[PDB]
Every structure is written in C-alpha cells, then in structure tokens.
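Here is the file structure38.pdb (PDB, C-alpha atoms).
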ATOM      1  CA  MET A   1     -16.785 -10.957 -16.778
ATOM      2  CA  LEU A   2     -13.956 -12.974 -18.333
ATOM      3  CA  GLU A   3     -11.118 -11.015 -19.980
ATOM      4  CA  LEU A   4      -8.807 -12.741 -22.501
ATOM      5  CA  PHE A   5      -5.930 -10.605 -23.737
ATOM      6  CA  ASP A   6      -2.245 -10.932 -24.510
ATOM      7  CA  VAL A   7       0.841  -9.614 -22.745
ATOM      8  CA  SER A   8       4.494  -9.757 -23.691
ATOM      9  CA  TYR A   9       7.358 -11.205 -21.681
ATOM     10  CA  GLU A  10       8.740  -7.664 -21.581
ATOM     11  CA  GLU A  11       5.500  -6.300 -20.124
ATOM     12  CA  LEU A  12       5.526  -9.049 -17.500
ATOM     13  CA  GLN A  13       9.060  -7.938 -16.632
ATOM     14  CA  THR A  14       9.195  -4.217 -17.461
ATOM     15  CA  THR A  15       6.166  -3.992 -15.175
ATOM     16  CA  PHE A  28      -4.433  -0.808  -4.942
ATOM     17  CA  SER A  29      -6.333  -3.914  -6.066
ATOM     18  CA  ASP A  30      -4.409  -3.450  -9.320
ATOM     19  CA  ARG A  31      -0.891  -4.287  -8.159
ATOM     20  CA  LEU A  32      -2.363  -6.954  -5.876
ATOM     21  CA  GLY A  33      -4.425  -8.551  -8.633
ATOM     22  CA  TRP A  34      -1.338  -8.612 -10.831
ATOM     23  CA  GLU A  35       0.709 -10.254  -8.112
ATOM     24  CA  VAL A  36      -1.951 -12.921  -7.583
ATOM     25  CA  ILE A  37      -2.032 -13.508 -11.330
ATOM     26  CA  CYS A  38       1.740 -13.925 -11.483
ATOM     27  CA  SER A  39       1.724 -16.244  -8.457
ATOM     28  CA  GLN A  40      -0.803 -18.432 -10.293
ATOM     29  CA  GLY A  41       1.170 -18.778 -13.517
ATOM     30  CA  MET A  42       3.300 -21.534 -15.075
ATOM     31  CA  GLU A  43       6.927 -21.510 -13.817
ATOM     32  CA  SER A  44       9.458 -20.388 -16.444
ATOM     33  CA  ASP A  45      11.533 -22.615 -18.685
ATOM     34  CA  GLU A  46      14.223 -22.061 -21.363
ATOM     35  CA  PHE A  47      11.792 -20.330 -23.718
ATOM     36  CA  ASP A  48      10.350 -17.555 -21.532
ATOM     37  CA  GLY A  49      12.041 -14.392 -22.807
ATOM     38  CA  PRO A  50      11.924 -11.348 -25.141
ATOM     39  CA  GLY A  51       9.595 -12.151 -28.019
ATOM     40  CA  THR A  52       7.486 -14.609 -26.053
ATOM     41  CA  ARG A  53       3.840 -13.626 -25.680
ATOM     42  CA  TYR A  54       1.051 -14.941 -23.456
ATOM     43  CA  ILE A  55      -2.698 -14.989 -23.551
ATOM     44  CA  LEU A  56      -4.158 -14.597 -20.059
ATOM     45  CA  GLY A  57      -7.780 -15.403 -19.156
ATOM     46  CA  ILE A  58      -8.659 -13.339 -16.096
ATOM     47  CA  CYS A  59     -11.708 -12.891 -13.931
ATOM     48  CA  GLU A  60     -11.970 -10.876 -10.729
ATOM     49  CA  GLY A  61      -8.205 -10.385 -10.608
ATOM     50  CA  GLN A  62      -7.495 -14.097 -10.929
ATOM     51  CA  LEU A  63      -5.912 -16.259 -13.631
ATOM     52  CA  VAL A  64      -8.234 -18.949 -15.004
ATOM     53  CA  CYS A  65      -6.264 -19.884 -18.107
ATOM     54  CA  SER A  66      -3.274 -19.061 -20.257
ATOM     55  CA  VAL A  67      -1.204 -20.144 -23.171
ATOM     56  CA  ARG A  68       2.220 -19.140 -24.444
ATOM     57  CA  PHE A  69       3.290 -18.280 -27.953
ATOM     58  CA  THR A  70       6.852 -18.501 -29.218
ATOM     59  CA  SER A  71       8.023 -17.549 -32.735
ATOM     60  CA  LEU A  72       9.105 -20.549 -34.769
ATOM     61  CA  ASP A  73      12.366 -18.771 -35.565
ATOM     62  CA  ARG A  74      13.280 -18.678 -31.897
ATOM     63  CA  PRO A  75      14.192 -21.665 -29.714
ATOM     64  CA  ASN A  76      11.023 -23.613 -28.907
ATOM     65  CA  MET A  77       9.759 -27.015 -27.859
ATOM     66  CA  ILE A  78       9.506 -28.344 -31.397
ATOM     67  CA  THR A  79      13.042 -27.450 -32.444
ATOM     68  CA  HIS A  80      14.748 -27.879 -29.087
ATOM     69  CA  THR A  81      12.989 -29.881 -26.353
ATOM     70  CA  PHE A  82      11.513 -32.488 -28.716
ATOM     71  CA  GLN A  83      13.983 -32.025 -31.549
ATOM     72  CA  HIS A  84      14.648 -35.768 -31.720
ATOM     73  CA  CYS A  85      10.937 -36.507 -32.202
ATOM     74  CA  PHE A  86      10.191 -34.099 -35.049
ATOM     75  CA  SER A  87      13.481 -33.298 -36.780
ATOM     76  CA  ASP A  88      12.123 -34.815 -40.008
ATOM     77  CA  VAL A  89       9.358 -32.218 -40.112
ATOM     78  CA  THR A  90      10.154 -29.008 -41.986
ATOM     79  CA  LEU A  91       8.712 -25.924 -40.363
ATOM     80  CA  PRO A  92       7.815 -22.621 -42.109
ATOM     81  CA  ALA A  93      10.303 -19.754 -41.795
ATOM     82  CA  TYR A  94       7.491 -17.650 -40.352
ATOM     83  CA  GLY A  95       5.086 -18.887 -37.693
ATOM     84  CA  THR A  96       4.210 -19.385 -34.060
ATOM     85  CA  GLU A  97       4.216 -22.300 -31.599
ATOM     86  CA  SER A  98       1.733 -22.452 -28.722
ATOM     87  CA  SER A  99       2.821 -24.204 -25.542
ATOM     88  CA  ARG A 100       2.046 -24.458 -21.841
ATOM     89  CA  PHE A 101      -1.711 -24.500 -22.378
ATOM     90  CA  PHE A 102      -3.174 -23.919 -18.931
ATOM     91  CA  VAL A 103      -6.691 -24.034 -17.548
ATOM     92  CA  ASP A 104      -7.365 -24.056 -13.832
ATOM     93  CA  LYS A 105     -10.577 -26.080 -13.884
ATOM     94  CA  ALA A 106     -11.107 -25.797 -10.147
ATOM     95  CA  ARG A 107     -10.739 -22.024 -10.131
ATOM     96  CA  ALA A 108     -12.739 -21.549 -13.345
ATOM     97  CA  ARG A 109     -15.618 -23.500 -11.828
ATOM     98  CA  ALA A 110     -15.579 -21.234  -8.776
ATOM     99  CA  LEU A 111     -15.507 -17.969 -10.742
ATOM    100  CA  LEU A 112     -17.272 -18.869 -14.023
ATOM    101  CA  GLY A 113     -19.524 -21.573 -12.666
ATOM    102  CA  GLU A 114     -19.495 -25.231 -13.592
ATOM    103  CA  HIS A 115     -20.042 -26.124 -17.247
ATOM    104  CA  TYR A 116     -18.534 -22.852 -18.469
ATOM    105  CA  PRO A 117     -16.630 -23.849 -21.647
ATOM    106  CA  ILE A 118     -13.423 -22.111 -20.562
ATOM    107  CA  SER A 119     -11.287 -24.390 -22.752
ATOM    108  CA  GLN A 120     -13.273 -23.627 -25.915
ATOM    109  CA  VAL A 121     -13.014 -19.947 -25.060
ATOM    110  CA  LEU A 122      -9.219 -20.171 -24.856
ATOM    111  CA  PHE A 123      -9.168 -21.951 -28.225
ATOM    112  CA  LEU A 124     -11.237 -19.067 -29.608
ATOM    113  CA  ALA A 125      -8.856 -16.568 -28.029
ATOM    114  CA  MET A 126      -5.885 -18.304 -29.719
ATOM    115  CA  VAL A 127      -7.589 -17.962 -33.118
ATOM    116  CA  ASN A 128      -8.561 -14.326 -32.527
ATOM    117  CA  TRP A 129      -5.046 -13.528 -31.280
ATOM    118  CA  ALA A 130      -3.471 -15.304 -34.274
ATOM    119  CA  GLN A 131      -5.556 -13.285 -36.726
ATOM    120  CA  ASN A 132      -4.510 -10.122 -34.943
ATOM    121  CA  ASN A 133      -0.902 -11.214 -35.312
ATOM    122  CA  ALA A 134      -0.707 -12.354 -38.926
ATOM    123  CA  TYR A 135      -0.589 -16.119 -38.248
ATOM    124  CA  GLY A 136      -2.821 -18.287 -40.389
ATOM    125  CA  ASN A 137      -2.229 -21.314 -38.179
ATOM    126  CA  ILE A 138      -0.524 -22.230 -34.917
ATOM    127  CA  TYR A 139       1.957 -25.109 -34.419
ATOM    128  CA  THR A 140       1.839 -27.078 -31.164
ATOM    129  CA  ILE A 141       2.896 -30.285 -29.453
ATOM    130  CA  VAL A 142       0.239 -31.983 -27.408
ATOM    131  CA  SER A 143      -0.312 -35.075 -25.322
ATOM    132  CA  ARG A 144      -2.657 -37.827 -26.445
ATOM    133  CA  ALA A 145      -5.217 -36.609 -23.913
ATOM    134  CA  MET A 146      -5.100 -33.081 -25.262
ATOM    135  CA  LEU A 147      -5.335 -34.378 -28.844
ATOM    136  CA  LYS A 148      -8.586 -36.082 -27.814
ATOM    137  CA  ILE A 149      -9.857 -32.791 -26.365
ATOM    138  CA  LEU A 150      -8.971 -30.826 -29.491
ATOM    139  CA  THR A 151     -10.487 -33.444 -31.727
ATOM    140  CA  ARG A 152     -13.755 -33.326 -29.757
ATOM    141  CA  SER A 153     -13.734 -29.517 -29.845
ATOM    142  CA  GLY A 154     -14.626 -29.443 -33.525
ATOM    143  CA  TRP A 155     -11.561 -27.297 -34.201
ATOM    144  CA  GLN A 156     -10.217 -28.729 -37.487
ATOM    145  CA  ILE A 157      -6.750 -29.437 -36.201
ATOM    146  CA  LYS A 158      -4.270 -31.334 -38.343
ATOM    147  CA  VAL A 159      -1.807 -33.900 -37.068
ATOM    148  CA  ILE A 160       1.547 -33.333 -38.696
ATOM    149  CA  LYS A 161       3.304 -36.123 -36.850
ATOM    150  CA  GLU A 162       2.674 -38.616 -34.084
ATOM    151  CA  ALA A 163       5.718 -39.345 -31.958
ATOM    152  CA  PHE A 164       6.534 -41.647 -29.100
ATOM    153  CA  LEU A 165       7.771 -39.653 -26.145
ATOM    154  CA  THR A 166       8.260 -42.985 -24.377
ATOM    155  CA  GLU A 167       7.274 -46.594 -25.025
ATOM    156  CA  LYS A 168       3.663 -45.909 -24.004
ATOM    157  CA  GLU A 169       3.592 -42.075 -24.195
ATOM    158  CA  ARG A 170       2.445 -40.591 -27.509
ATOM    159  CA  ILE A 171       2.694 -36.917 -28.386
ATOM    160  CA  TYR A 172       1.654 -35.091 -31.507
ATOM    161  CA  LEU A 173       2.833 -32.166 -33.589
ATOM    162  CA  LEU A 174      -0.231 -30.312 -34.880
ATOM    163  CA  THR A 175      -1.239 -27.248 -36.781
ATOM    164  CA  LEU A 176      -4.276 -25.412 -35.408
ATOM    165  CA  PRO A 177      -6.132 -23.422 -38.106
ATOM    166  CA  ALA A 178      -6.839 -19.758 -37.438
ATOM    167  CA  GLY A 179      -8.782 -18.809 -40.579
ATOM    168  CA  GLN A 180     -12.165 -17.067 -40.695
ATOM    169  CA  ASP A 181     -14.029 -20.396 -40.771
ATOM    170  CA  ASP A 182     -12.252 -21.441 -37.597
ATOM    171  CA  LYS A 183     -12.963 -18.151 -35.846
ATOM    172  CA  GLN A 184     -16.651 -18.472 -36.759
ATOM    173  CA  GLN A 185     -16.722 -22.118 -35.821
ATOM    174  CA  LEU A 186     -15.227 -21.672 -32.356
ATOM    175  CA  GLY A 187     -17.074 -18.403 -31.844
ATOM    176  CA  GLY A 188     -20.402 -19.983 -32.767
ATOM    177  CA  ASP A 189     -19.818 -22.853 -30.374
ATOM    178  CA  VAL A 190     -19.074 -20.432 -27.514
ATOM    179  CA  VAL A 191     -22.112 -18.302 -28.259
ATOM    180  CA  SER A 192     -24.518 -21.240 -28.304
ATOM    181  CA  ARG A 193     -22.963 -22.678 -25.114
ATOM    182  CA  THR A 194     -22.934 -19.470 -23.093
ATOM    183  CA  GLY A 195     -25.601 -17.372 -24.769
ATOM    184  CA  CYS A 196     -23.183 -14.447 -24.765
ATOM    185  CA  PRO A 197     -23.806 -11.583 -27.207
ATOM    186  CA  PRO A 198     -22.678 -12.725 -30.713
ATOM    187  CA  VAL A 199     -20.365  -9.726 -31.192
ATOM    188  CA  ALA A 200     -18.502 -10.696 -28.001
ATOM    189  CA  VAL A 201     -16.674 -13.571 -29.737
ATOM    190  CA  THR A 202     -15.551 -11.521 -32.729
ATOM    191  CA  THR A 203     -13.005  -9.254 -31.043
ATOM    192  CA  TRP A 204      -9.446  -9.177 -29.747
ATOM    193  CA  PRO A 205      -8.929  -8.777 -26.835
ATOM    194  CA  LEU A 206     -11.960 -10.740 -25.759
ATOM    195  CA  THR A 207     -14.418  -9.708 -23.043
ATOM    196  CA  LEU A 208     -17.058 -12.303 -22.214
ATOM    197  CA  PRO A 209     -19.955 -11.980 -19.767
ATOM    198  CA  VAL A 210     -20.112 -14.747 -17.204
TER     199      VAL A 210
END

Encoding of this model in structure tokens:
Amino acid sequence: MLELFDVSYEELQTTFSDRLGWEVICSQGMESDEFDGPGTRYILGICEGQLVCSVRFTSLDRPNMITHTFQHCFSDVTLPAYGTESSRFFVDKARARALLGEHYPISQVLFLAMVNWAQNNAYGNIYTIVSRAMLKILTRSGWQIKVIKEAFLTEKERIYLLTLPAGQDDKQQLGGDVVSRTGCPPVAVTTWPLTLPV
C-alpha cells in the first residue's frame, strides 16, 4: 500500500527494517535550503520503505519562496497574515512506476493529500509558485487552481503564484478522480493520513 502522511522538521531531526527504511527515505529526499527548519512540515508518500513523493509546507508568516527567493517577482501581491506555502513538490516517477505500477496517478494522489492535510490544519487554500510546466499539469488535473500572478523568472521562463483550493468540493473532486482511476475503496480518499491500496 501507499502511505501519505505528514512529518515535522523537528521529527525529522529529533528522530530493524524501521531505522533502515527511514534512512533510505531520508537519502531519497530533496536537499535542504534556507527554509527547512522548525515550523516546516512535509507530506511524505511512502511504499515499501521508499519515498515516492513529497511536498513541503511553510507558514506564510515565516521566510518562504514567495516573500524571499522570488520577492522581486511578487512583491506587489499582498498575502494573508495566516496561511501556508507549498514548495519542493516531488514525485519520483521512475520509482513510483516500479512500486505502484505504471499509470498509477501518484501526482493526483499527492494533490489529494495536500487538500486533506490542509483541512486537517485549518488552511482553506494553499499558496505556491510553480513553473509553466507544472501549471499545465495542475490545470489538466481538474483542481480549480487560481493564478494570482504570472511572472517572468527570465526572458523565456515564466513562473506563477497560485492559490490551490482545499475546500470540501476540492477534496471530493480530487478524491473522486483518484477513486475512479484506481478503484480504491471510496472511504480511502476521505482520511488524513491517507492509506491507499496499490
């Protein structure tokens, strides 16, 4: 099965096949940057002791990619006092194929996990900066994302500040898509953490 749950930076620091699996997971993760610290949280997608996907959440009131890294691109945008930014979206397509089989909608499942996690954490939406390629993916996912601002990273590189909705309609929308694509039990997409049969 595929387990999607969240862990804190502190848990990743403060802490047989268990220790080993955890070490393999850590060795497969995204290398740190200025924002990995107390307060930061991560959703991990794990199967058979291996990391198939992950995404990082940072509070909007703490240093993040919108306010720091890409400050010059979005400084005209006013952000809410309370909120979360998702970054470092990660899906190992090669490894997911091996463990979850080809055609498993691992990306849609992580989107669902983000919504389910957000509801469990009192966030009605998630802010994020994505590449043009990722914007195309999100747009095709059906998730009713909203572009707040399109920016030019470079002359030919466009990036976008978006809000990702995490309301009940979104949870049912993403959940319904996952159910019909994997045939998993309907109740499996309604919880947090998530446990999906593969």

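Distance-wise, atom CA of residue 68 of chain A and atom CA of residue 56 of chain A end up 9.0 Å apart.
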
### Task
Please write the residues picked by the PyMOL selection byres ((chain A and resi 142) around 12) on this file as a ChimeraX atom specification.
/A:77-78,82,97-101,139-141,143-151,157-165,169-176

Could you take the residues named above and write them with C-alpha atoms, as a PDB file, in the frame of the given file?
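The resulting file, result_26.pdb, is reproduced below:
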ATOM      1  CA  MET A  77       9.759 -27.015 -27.859  1.00  0.00           C
ATOM      2  CA  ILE A  78       9.506 -28.344 -31.397  1.00  0.00           C
ATOM      3  CA  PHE A  82      11.513 -32.488 -28.716  1.00  0.00           C
ATOM      4  CA  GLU A  97       4.216 -22.300 -31.599  1.00  0.00           C
ATOM      5  CA  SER A  98       1.733 -22.452 -28.722  1.00  0.00           C
ATOM      6  CA  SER A  99       2.821 -24.204 -25.542  1.00  0.00           C
ATOM      7  CA  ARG A 100       2.046 -24.458 -21.841  1.00  0.00           C
ATOM      8  CA  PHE A 101      -1.711 -24.500 -22.378  1.00  0.00           C
ATOM      9  CA  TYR A 139       1.957 -25.109 -34.419  1.00  0.00           C
ATOM     10  CA  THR A 140       1.839 -27.078 -31.164  1.00  0.00           C
ATOM     11  CA  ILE A 141       2.896 -30.285 -29.453  1.00  0.00           C
ATOM     12  CA  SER A 143      -0.312 -35.075 -25.322  1.00  0.00           C
ATOM     13  CA  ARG A 144      -2.657 -37.827 -26.445  1.00  0.00           C
ATOM     14  CA  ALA A 145      -5.217 -36.609 -23.913  1.00  0.00           C
ATOM     15  CA  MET A 146      -5.100 -33.081 -25.262  1.00  0.00           C
ATOM     16  CA  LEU A 147      -5.335 -34.378 -28.844  1.00  0.00           C
ATOM     17  CA  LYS A 148      -8.586 -36.082 -27.814  1.00  0.00           C
ATOM     18  CA  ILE A 149      -9.857 -32.791 -26.365  1.00  0.00           C
ATOM     19  CA  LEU A 150      -8.971 -30.826 -29.491  1.00  0.00           C
ATOM     20  CA  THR A 151     -10.487 -33.444 -31.727  1.00  0.00           C
ATOM     21  CA  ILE A 157      -6.750 -29.437 -36.201  1.00  0.00           C
ATOM     22  CA  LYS A 158      -4.270 -31.334 -38.343  1.00  0.00           C
ATOM     23  CA  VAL A 159      -1.807 -33.900 -37.068  1.00  0.00           C
ATOM     24  CA  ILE A 160       1.547 -33.333 -38.696  1.00  0.00           C
ATOM     25  CA  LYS A 161       3.304 -36.123 -36.850  1.00  0.00           C
ATOM     26  CA  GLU A 162       2.674 -38.616 -34.084  1.00  0.00           C
ATOM     27  CA  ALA A 163       5.718 -39.345 -31.958  1.00  0.00           C
ATOM     28  CA  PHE A 164       6.534 -41.647 -29.100  1.00  0.00           C
ATOM     29  CA  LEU A 165       7.771 -39.653 -26.145  1.00  0.00           C
ATOM     30  CA  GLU A 169       3.592 -42.075 -24.195  1.00  0.00           C
ATOM     31  CA  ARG A 170       2.445 -40.591 -27.509  1.00  0.00           C
ATOM     32  CA  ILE A 171       2.694 -36.917 -28.386  1.00  0.00           C
ATOM     33  CA  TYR A 172       1.654 -35.091 -31.507  1.00  0.00           C
ATOM     34  CA  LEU A 173       2.833 -32.166 -33.589  1.00  0.00           C
ATOM     35  CA  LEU A 174      -0.231 -30.312 -34.880  1.00  0.00           C
ATOM     36  CA  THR A 175      -1.239 -27.248 -36.781  1.00  0.00           C
ATOM     37  CA  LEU A 176      -4.276 -25.412 -35.408  1.00  0.00           C
TER      38      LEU A 176
END

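We find atom CA of residue 51 of chain A and atom CA of residue 117 of chain A to be spaced 29.4 Å apart.
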
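Here the PyMOL selection byres ((chain A and resi 8) around 9) catches exactly these residues: residues 6, 7, 9, 10, 11, 12, 13, 49, 50, 51, 52, 53, 54 and 55 of chain A.
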
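Atom CA of residue 1 of chain A to atom CA of residue 207 of chain A spans 6.8 Å [interatomic distance, one decimal].
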
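Ranking A:188, A:57, A:119, A:94 by their shortest atom-to-atom distance to residue 152 of chain A, with all atoms listed in the file included, puts A:119 first.
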
### Message
Once the PyMOL selection byres ((chain A and resi 205) around 7) is applied to the coordinates I shared, what remains selected? I want it as a PyMOL selection string.
### Response
chain A and resi 4-5+203-204+206-207

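Nearest-residue note for residue 182 of chain A: choosing from A:127, A:35, A:135, A:42, the minimum distance belongs to A:127, counting all atoms listed in the file.
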
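Ranking A:202, A:62, A:87, A:14 by their shortest atom-to-atom distance to residue 39 of chain A, with all atoms listed in the file included, puts A:62 first.
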
Kindly reconstruct segment 71-95 of chain A with N, CA and C atoms and present the result as a short mmCIF file (atom, residue, chain, number, x, y, z; two decimals), in the coordinates of the input.
data_model
loop_
_atom_site.label_atom_id
_atom_site.label_comp_id
_atom_site.auth_asym_id
_atom_site.auth_seq_id
_atom_site.Cartn_x
_atom_site.Cartn_y
_atom_site.Cartn_z
N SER A 71 7.79 -17.56 -31.28
CA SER A 71 8.02 -17.55 -32.74
C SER A 71 8.77 -18.80 -33.15
N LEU A 72 8.43 -19.34 -34.31
CA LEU A 72 9.10 -20.55 -34.77
C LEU A 72 10.58 -20.30 -35.05
N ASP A 73 10.96 -19.05 -35.28
CA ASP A 73 12.37 -18.77 -35.56
C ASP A 73 13.20 -18.64 -34.30
N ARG A 74 12.55 -18.72 -33.15
CA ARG A 74 13.28 -18.68 -31.90
C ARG A 74 13.25 -20.06 -31.27
N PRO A 75 14.18 -20.35 -30.35
CA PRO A 75 14.19 -21.66 -29.71
C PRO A 75 12.81 -21.98 -29.14
N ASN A 76 12.34 -23.20 -29.39
CA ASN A 76 11.02 -23.61 -28.91
C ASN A 76 10.97 -25.12 -28.68
N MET A 77 9.84 -25.60 -28.18
CA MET A 77 9.76 -27.02 -27.86
C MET A 77 9.85 -27.94 -29.06
N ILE A 78 9.45 -27.48 -30.23
CA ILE A 78 9.51 -28.34 -31.40
C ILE A 78 10.94 -28.54 -31.86
N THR A 79 11.68 -27.44 -31.93
CA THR A 79 13.04 -27.45 -32.44
C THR A 79 14.10 -27.80 -31.40
N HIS A 80 13.78 -27.59 -30.13
CA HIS A 80 14.75 -27.88 -29.09
C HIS A 80 14.36 -29.05 -28.18
N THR A 81 13.39 -28.84 -27.30
CA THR A 81 12.99 -29.88 -26.35
C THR A 81 12.68 -31.23 -26.99
N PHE A 82 11.89 -31.24 -28.07
CA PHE A 82 11.51 -32.49 -28.72
C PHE A 82 12.11 -32.63 -30.11
N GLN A 83 13.27 -32.01 -30.28
CA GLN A 83 13.98 -32.02 -31.55
C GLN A 83 14.10 -33.44 -32.10
N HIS A 84 14.46 -34.40 -31.25
CA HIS A 84 14.65 -35.77 -31.72
C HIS A 84 13.36 -36.44 -32.18
N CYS A 85 12.21 -35.90 -31.81
CA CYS A 85 10.94 -36.51 -32.20
C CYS A 85 10.42 -35.99 -33.54
N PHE A 86 10.74 -34.74 -33.86
CA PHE A 86 10.19 -34.10 -35.05
C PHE A 86 11.22 -33.49 -36.00
N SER A 87 12.48 -33.90 -35.91
CA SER A 87 13.48 -33.30 -36.78
C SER A 87 13.23 -33.56 -38.27
N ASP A 88 12.39 -34.54 -38.60
CA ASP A 88 12.12 -34.82 -40.01
C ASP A 88 11.09 -33.86 -40.58
N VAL A 89 10.38 -33.16 -39.69
CA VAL A 89 9.36 -32.22 -40.11
C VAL A 89 9.95 -30.85 -40.44
N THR A 90 9.64 -30.32 -41.62
CA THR A 90 10.15 -29.01 -41.99
C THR A 90 9.15 -27.96 -41.60
N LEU A 91 9.59 -26.98 -40.82
CA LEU A 91 8.71 -25.92 -40.36
C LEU A 91 8.85 -24.68 -41.24
N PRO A 92 7.80 -23.85 -41.31
CA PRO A 92 7.82 -22.62 -42.11
C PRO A 92 8.81 -21.65 -41.49
N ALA A 93 9.36 -20.74 -42.30
CA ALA A 93 10.30 -19.75 -41.80
C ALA A 93 9.59 -18.80 -40.84
N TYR A 94 8.31 -18.56 -41.14
CA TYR A 94 7.49 -17.65 -40.35
C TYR A 94 6.32 -18.39 -39.70
N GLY A 95 6.17 -18.21 -38.38
CA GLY A 95 5.09 -18.89 -37.69
C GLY A 95 5.18 -18.80 -36.18
#
